[PDB]
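To keep things clear, I will list the structure first and then write my remarks on it.
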Amino acid sequence: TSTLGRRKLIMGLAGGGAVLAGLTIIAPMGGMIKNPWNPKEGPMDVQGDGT
Amino acid sequence: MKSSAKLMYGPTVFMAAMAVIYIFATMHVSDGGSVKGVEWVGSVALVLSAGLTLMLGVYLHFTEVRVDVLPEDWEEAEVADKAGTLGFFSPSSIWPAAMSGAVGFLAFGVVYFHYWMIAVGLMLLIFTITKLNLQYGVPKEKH
Amino acid sequence: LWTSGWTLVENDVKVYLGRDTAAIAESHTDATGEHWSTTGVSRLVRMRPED
Amino acid sequence: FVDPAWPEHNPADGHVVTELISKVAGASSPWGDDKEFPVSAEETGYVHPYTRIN
Amino acid sequence: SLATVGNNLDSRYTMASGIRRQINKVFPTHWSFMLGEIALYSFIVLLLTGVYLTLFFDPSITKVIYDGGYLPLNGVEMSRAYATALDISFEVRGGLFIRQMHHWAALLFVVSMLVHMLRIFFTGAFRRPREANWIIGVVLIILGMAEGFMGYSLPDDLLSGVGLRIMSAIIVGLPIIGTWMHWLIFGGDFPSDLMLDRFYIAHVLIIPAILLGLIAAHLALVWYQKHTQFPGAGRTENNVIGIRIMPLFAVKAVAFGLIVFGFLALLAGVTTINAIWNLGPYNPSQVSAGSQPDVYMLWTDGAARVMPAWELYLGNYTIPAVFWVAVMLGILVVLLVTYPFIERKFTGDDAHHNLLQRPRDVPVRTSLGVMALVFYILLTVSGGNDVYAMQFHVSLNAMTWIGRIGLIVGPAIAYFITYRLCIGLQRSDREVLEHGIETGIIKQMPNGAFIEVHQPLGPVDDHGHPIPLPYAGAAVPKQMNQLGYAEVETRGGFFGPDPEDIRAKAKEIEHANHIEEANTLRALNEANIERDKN
Ligand SMILES: CCCCCCCCCCCCCCCC(=O)O[C@H](COC(=O)CCCCCCC[C@@H](C)CCCCCCCCC)COP(=O)(O)O[C@H]1[C@H](O)[C@H](O)[C@@H](O)[C@@H](O)[C@@H]1O
Ligand code: HEM
Ligand code: HEM
Ligand SMILES: CCCCCCCCCCCCCC(=O)O[C@H](COC(=O)CCCCCCCCCCC)COP(=O)(O)O
Ligand SMILES: CCCCCCCCCCCCC
Ligand SMILES: CCCCCCCCCCCCC
Ligand SMILES: CCCCCCCCCCCCC
Ligand SMILES: CCCCCCCCCCCCC
């Protein structure tokens, strides 16, 4: 009765939209991502370069 | 309004004549109790003051040409001649009070010179004016 | 709640009136990375009755 | 195209509304000037809601 | 593939009748029956943005020299808490966005509950049998306020630190055991070690757990009473008229759910909140002019401002002036919690009410509510009366006196006006039932009498003059557009006129539709009558 099965475009775009929303929500988790091969800021100290 | 459109010509022509006297008498007469030169406030605002009366007079004149003899404009008219409908008058509304409150908010906004207050007051006024006009148009609640 | 730092006056300590100069730690980078020294820096300084 | 709600008038020696003239002395009714009121309570579709408390 | 997943999920949980019951629950549709969802969605955002926020935050008071993203404040000695909170906004990618989302969500949460409580109060949804819900909810709002308070005190900046100084000195100045209690909470003199630790462990665990538990209990208890609704056509006190859980309610809940989520995501970016980099580390000597706690905590601070210097000296002991503030706030809480009991003592009516009541029909309660709202608002304004005084060019002493006097005459005027307006609304409601809708058709009769056309909502006797319909507890129409006498009768797009062929049928179909709807609604009414006479 929802008549959603007939609307291929609506449900297709809705899937994409929902996926993009989900990815938008979880995106700030990329603040945790750090490059292991980027030396820490400042000159090399007695503990090395951080790598 | 047969006579209403006509009586405005009186003030119109009067003020038009005074405005032209004013300009010529102020720029060419040295009195000793003032200086010589056209005055740019009593001239513009008296030329354009005649403009208002002319505008209203002409509009009412064009309007009154294409109106029939109304019972209110007829000298010997029976009370039963206007028997009918006098159009639509709003019985009640809360929106005049609201939009007065909105102009008050914008007023204090400008007084204190707070940008947020001016902005809010401006859009608080648009809303209330909109609701005033759409009062009798609000559709039956669709479920 | 009876005591503050001024109670040191009672037990024969000489406390001055220390004005806050809001001094911060100083960066000193040399051959072994960067370090904040905060030595030789005094944030409280003595004050005179003409100051 | 002419709106359904537009009053049924002869388009000959008569105009219902122009720039400056009209047929009423006042504002035209927003529910059709040719609408006859009042009507029967049935047409309004108002259902008086019987309620009992407690 | 789908027929078989259900088959082997039902064969082992016998859940066919249990699930069918849940998906067939009917919920009343009213815009004011959604305000509770806003609190729920904001709470979900808080606990989700909060968990992300704890991966970068160190709640330690240990002093360090700052070297980080914020190039100012480099070399400045601060706590470990302040340095990490300053790092989650200048060194974490999208950390300021999440921090601001968190704070905005906190604000919305408290306002999502306050407005909800107002809806519950005004409509009378706290009556029998719904008093556990009222008590649970009241505890929810107090704990929400407490949670918010200990949340913005975590960064340990200069602004929040003064709040803690105020709070500690409120506790310490309590009769008899305010000294021992203060030392038991902070673990010593203020500030102390294990002071940002006890607060951090009670803001991310103790309060959340308590709140979640109360919320879950609250919702389950609501689902058991299957809501309440306004009086209307066909709806009695032993039924619910609305929409089923699926497919209509569940989708609407999600739609509104993400709407709130998306709105909080907008403010988190476009609007600054709690700019802690401008405030500096906490120092007991430094203070600022605008030291207001937060909007939900303003009323407590406003109470402290308008309380006169009324100290009681008792020889070797003293009662501070702020003690009376505590007493007053305690009374306000007690009055709020035990409202259903006080309302039913003075009304003498406890009769298992399932039908709501419009605020206009309960003038005493409505007026008490507006009286209390003015009290709360005046306390809130007095709480930030130093920013009011400067920005609006008013004497600060005058503001204090306005707060002091206004707490007595403000509530009184609010009650009077509100009561009169409630009765006024009642009167306007009776004119329509007695005479009909005032149409704007001022006809002139042949004699010259100007008469307004009245549209009866009921049967007339002989010559107009409608038989007066009795009040029914529902909203009476007041305009002729509320009966669809202004409905646009031209189907099509903005430019598209739409073929008449398809335009005739659609108007006919909608006409038959609302006829059938009205018929079914009035049949429901009739059923109730002949059911209530047995
Ligand atoms: C559940 C479905 C999961 C689907 C995943 C899709 C989710 C979309 C959002 C993902 C988060 C954002 C993606 C990229 C975000 C980004 O741009 O980060 C850079 C990027 O990485 C690189 O370059 C190399 C490429 C690495 C790929 C990155 C994409 C992440 C995907 C592949 C991993 C998730 C999939 C796993 C499933 C998860 C389930 C859990 C098991 C790091 O360069 P960097 O230079 O270290 O920058 C530092 C500052 O970030 C930092 O603040 C610091 O302050 C700076 O110092 C600086 O170092
Ligand atoms: C944590 C914040 C709160 C949340 C998330 C919440 C959630 C809800 C929800 C989802 C409902 C279902 C009906 C509706 O939406 O109106 C509801 C109903 C209710 N809530 Fe709340 N609520 C909260 C706070 C409060 C407060 C503070 C009170 C009372 C002081 C309260 C008392 C009630 C009552 C009486 C109902 C029943 C309404 C009815 O059944 O007609 N709630 N709540
Ligand atoms: C229960 C509802 C909650 C409310 C009302 C609330 C309120 C707040 C507020 C107002 C702040 C200050 C944020 C700022 O500085 O801008 C804050 C900070 C914080 N909250 Fe919450 N919070 C809640 C729940 C949670 C939960 C469940 C967690 C953890 C699981 C959490 C973890 C944090 C953390 C880590 C901070 C860090 C301080 C900061 O980075 O500013 N909160 N909270
Ligand atoms: C509900 C109770 C709230 C408690 C407040 C207590 C009362 C004290 C209020 C002090 C007001 C200070 C005003 C002021 O100084 O103005 C300004 C300072 O604060 C503000 O900007 C007020 C922001 C308030 C939100 C307005 C947002 C407008 C966008 C609307 C889009 C939907 C100074 O003027 P300015 O910003 O330069 O234009
Ligand atoms: C009615 C008194 C008017 C004041 C004197 C009028 C002066 C006439 C100006 C004529 C100037 C000729 C250019
Ligand atoms: C050098 C004398 C020129 C005088 C011109 C007078 C004009 C005044 C009316 C202007 C109307 C503008 C709308
Ligand atoms: C034709 C027999 C197989 C289909 C019967 C329905 C399977 C059980 C559905 C239970 C639904 C619970 C979610
Ligand atoms: C907390 C006590 C409530 C008492 C409310 C009385 C309000 C008095 C207003 C004056 C009413 C004049 C008729």
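All of the numbers you see were taken from the coordinates with simple rules; none came from a lab. FYI the Cβ positions are ideal-geometry reconstructions off the backbone, even for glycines, and counts take in every protein chain you see.
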### Query
In segment E:358-371, which residue that is more than 16 Å from ligand 8 (Cβ to nearest atom) and under 19 Å from the mean Cα position of the chain (by Cα) is farthest from the other protein chains (Cβ to nearest Cβ)?
E:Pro359
### Task
Please indicate, with yes or no, whether at least one residue in segment E:502-516 is within 11 Å of chain D (Cβ to nearest Cβ), in contact with a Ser or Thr (Cβ under 9 Å, 6 or more places away or on another chain) and surrounded by 11 or more Cβ atoms within 10 Å (Cβ to Cβ).
yes
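Matching residues to (1) out of contact with any strand residue (DSSP E or B) (no Cβ under 6 Å at 6 or more places or on another chain); (2) of a type in the set (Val, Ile, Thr); (3) within 27 Å of E:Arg522 (Cβ to Cβ); (4) more than 7 Å from every other protein chain (Cβ to nearest Cβ):
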position	(1), (2), (3), (4)
E:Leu421	yes, no, no, yes
E:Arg430	yes, no, yes, yes
E:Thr439	no, yes, yes, no
E:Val453	no, yes, yes, no
E:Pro456	no, no, yes, no
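List the helices (runs of 4 or more DSSP H) inside segment E:1-114, counting only whole elements, that have at least 3 residues being surrounded by fewer than 18 Cβ atoms within 10 Å (Cβ to Cβ) and under 28 Å from the mean Cα position of the chain (by Cα). Show your work before the answer.
Details: elements: E:3-13, E:16-22, E:35-53, E:80-87.
In segment E:1-114, the matching helices (runs of 4 or more DSSP H) lie at E:35-53.
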### Query
Can you tell me which residues in segment E:402-456 are touching a helix residue (DSSP H, G or I) at 6+ places or on another chain (Cβ under 6 Å) and outside any helix (DSSP H, G or I)?
E:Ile437, E:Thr439, E:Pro446, E:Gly448, E:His454
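Return the only residue of A:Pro36, A:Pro43 being in a loop (DSSP other than H, G, I, E, B), in contact with an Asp or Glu (Cβ under 7 Å, 6 or more places away or on another chain) and more than 8 Å from ligand 1 (Cβ to nearest atom). Give the steps one after another, and end with the answer.
Values: A:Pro36 fails: in contact with an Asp or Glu (Cβ under 7 Å, 6 or more places away or on another chain).
The conditions single out A:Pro43.
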### Summary
Going through (1) of a type in the set (S, T, N, Q); (2) in contact with a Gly (Cβ under 9 Å, 6 or more places away or on another chain); (3) more than 14 Å from chain C (Cβ to nearest Cβ) one by one, E:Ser42 fails only at (2)
### Task
Go over the candidates B:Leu52, B:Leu60, B:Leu48 one by one and state the one that is among the aliphatic types (A, V, I, L, M) and closer than 16 Å to D:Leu20 by Cβ.
B:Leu60
### Query
Within segment E:76-95, which residues are more than 21 Å from E:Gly161 (Cα to Cα) and either within 14 Å of chain C (Cβ to nearest Cβ) or of a type in the set (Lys, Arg) (or both)?
E:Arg93
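Could you go through segment E:299-316 and let me know if any residue there is among the aliphatic types (A, V, I, L, M), part of a strand (DSSP E or B) and loosely packed, with under 15 Cβ neighbours inside 10 Å. Let's see the steps before the verdict.
First, pick out the residues of segment E:299-316 that are among the aliphatic types (A, V, I, L, M): E:303-304, E:306-307, E:309, E:312, E:314.
With part of a strand (DSSP E or B) added as a condition, the list becomes E:312, E:314.
If we keep only those that are loosely packed, with under 15 Cβ neighbours inside 10 Å too, we end up with E:312, E:314.
The answer is yes, given that some residue of segment E:299-316 is among the aliphatic types (A, V, I, L, M), part of a strand (DSSP E or B) and loosely packed, with under 15 Cβ neighbours inside 10 Å.
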### Any hit, segment E:393-400, residues being touching a residue at least 12 places away in the same chain (Cβ under 8 Å) and away from ligand 4 (no atom under 11 Å from the Cβ)
yes
### Task
Please state which one of E:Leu174, E:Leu211, E:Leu196 is touching a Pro at 6+ places or on another chain (Cβ under 7 Å) and either within 15 Å of E:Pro155 (Cα to Cα) or surrounded by 17 or more Cβ atoms within 10 Å (Cβ to Cβ) (or both).
E:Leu196
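If we only count helices (runs of 4 or more DSSP H) wholly inside segment B:24-143, which ones have 1 or more residues that are within 25 Å of D:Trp31 (Cα to Cα)?
Values: elements: B:44-65, B:95-112, B:115-133.
Fully inside segment B:24-143 and qualifying: B:95-112, B:115-133.
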### E:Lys478 in contact (Cβ under 8 Å) with a residue 12 or more places away in the chain, touching a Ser or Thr at 6+ places or on another chain (Cβ under 9 Å) and surrounded by 14 or more Cβ atoms within 10 Å (Cβ to Cβ)
yes
### Task
Can you run down the residue pairs with Cβ atoms below 9 Å, 6 or more apart or on separate chains, where the first is in segment B:28-50 and farther than 18 Å from B:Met18 by Cβ and more than 16 Å from ligand 3 (Cβ to nearest atom) and the partner is outside any helix (DSSP H, G or I) and not basic (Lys, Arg)?
B:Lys36/B:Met27; B:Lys36/B:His28; B:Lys36/B:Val29; B:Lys36/B:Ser30; B:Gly37/B:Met27
### Message
Which pairs turn up if I take residues in segment E:122-134 that are within 13 Å of another protein chain (Cβ to nearest Cβ) and look for partners that are near ligand 2 (Cβ under 8 Å from one of its atoms) and not small (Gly, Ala, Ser) with beta carbon separation below 7 Å, at least 6 apart in sequence or on another chain?
### Response
E:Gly124/E:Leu356
### Query
Would you say E:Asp58 is within 14 Å of chain C (Cβ to nearest Cβ) and either of a type in the set (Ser, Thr, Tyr) or within 30 Å of C:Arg43 (Cβ to Cβ) (or both)?
no
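Tally the residues that are outside any helix (DSSP H, G or I) and among the aliphatic types (A, V, I, L, M), restricting the search to segment E:145-165. Steps first, please.
The initial filter retains those residues of segment E:145-165 that are outside any helix (DSSP H, G or I), namely E:153-157.
When the remaining residues are screened for being among the aliphatic types (A, V, I, L, M), the result is E:154.
Total satisfying the criteria: 1.
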### Query
Which of the residues spanning segment E:222-241 are over 19 Å from the mean Cα position of the chain (by Cα), in contact (Cβ under 8 Å) with a residue 12 or more places away in the chain and over 19 Å from E:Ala472 (Cβ atoms)?
E:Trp223, E:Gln225, E:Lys226
